[PDB]
Each structure stands twice: as C-alpha cells, then as structure tokens.
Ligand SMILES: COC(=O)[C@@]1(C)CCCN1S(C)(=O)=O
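Okay, so here's just one chain, in structure tokens, the form solved without the ligand.
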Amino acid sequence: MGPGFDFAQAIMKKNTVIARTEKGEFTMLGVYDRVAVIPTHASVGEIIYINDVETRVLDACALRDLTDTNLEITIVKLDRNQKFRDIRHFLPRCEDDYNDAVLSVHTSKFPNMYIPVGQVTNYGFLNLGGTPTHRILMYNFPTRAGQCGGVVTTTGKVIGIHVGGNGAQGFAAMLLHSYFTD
C-alpha cells in the first residue's frame, strides 16, 4: 500500500521459503548463499522440508549471547541447489529502536500476509515460554500462532524475525550483520 510494504514485498518474493519441522510450518528468511534463519523453538534437526521438499541440514547453530543467554535465532545451512539473493547489506549493525515496521508472513495458513505493526522498541530481556531471552524487539500488535519466523522490516532494513507474543504485544529476535560474517 506504501513504501514500507514495497520493501517488505521485495524481501518476501525473493528471500523467503516455507520451512516445516516436527514443531510446525514457519516463515524462513534466506540471508545469503544457502544460509537461512528460523526461531530456535522450531527444533531444526538433520532433515527439514523447504517448500515441501525433503532437504538435508548441513549445519544448524542456536545463537546465544556472550553471557550464554538464548537469542532465539537458529542459523541453518541448507543442502539446496540454489542460492538466496545476498541481503546482508540490509541488516542493522547495532541494537536499536525503529519506527513504522511491517511484519510479513508466508505459510499454507497465512499466504501473502503483511501487518503494519508501528513503533518497535528495543525491549531487551524477555522470559519467552519460560526461557530467559535477550535482544528482543517489541511491537504493540496482537500477533497469533502461525506468525513465528515472520520477517520484521522497515524501509531499507531487515531488523528481526517474529518469535512470540502475549496476546497484546508481539516480540521479534534482532538480526545483526555480525551474525552472518563468513
């Protein structure tokens, strides 16, 4: 509908796949080469389904900060025959607050879904499903089951992936450029 939705759509149309684990179907962001991200609660194993194709997992790393606190981001390298467009230059370098973000989801349950979530707070610490978690972003939208893995964007920046909610607020794990130096 406007330039925020334009940037979100450009990311969804080239840099997302549908990931299926034994814990459900997730929006999955591809970042570069065969490297993608997914919430750590997806419990990625040795095999994952990518757009309903059986795919070997070459590597999976559940990120934690240097205090050994959960970040809720798993970086997955996929045995896929095709690379993602490199979008690492759209990742923020530092923790920050944002205005006017969009949350975008693409699954069997929620195809071509875009939500203007408004202002995004650097919330920091969250007890997420009982797990102490750091680098959480918060937005005041009543997000629902089916949205985990959804991509959080502003114009020109890919800032996080949706990992939870409390009924009135939604929570995303930050994406930082430093996670994807190779």
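Position 1 is the first residue in the sequence shown; the rest follow in order.
Quick note: we don't show the form deposited with the ligand bound, though the next part is all about it.
*Asks:* Within a 4.5 Å heavy atom cut-off, is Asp59 in contact with the ligand in the deposited bound form?
*Replies:* Contact check for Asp59: yes, within 4.5 Å of the ligand in the deposited bound form.
*Asks:* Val35 versus the ligand, in the deposited bound form: is there a non-hydrogen atom within 4.5 Å?
*Replies:* Taking the distances in the deposited bound form, the answer for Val35 is yes, it comes within 4.5 Å of the ligand.
*Asks:* Though the partner is not shown here, which residues of 168-182 have a heavy atom within 4.5 Å of the ligand in the deposited bound form?
*Replies:* Contacting residues: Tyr179, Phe180, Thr181, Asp182.
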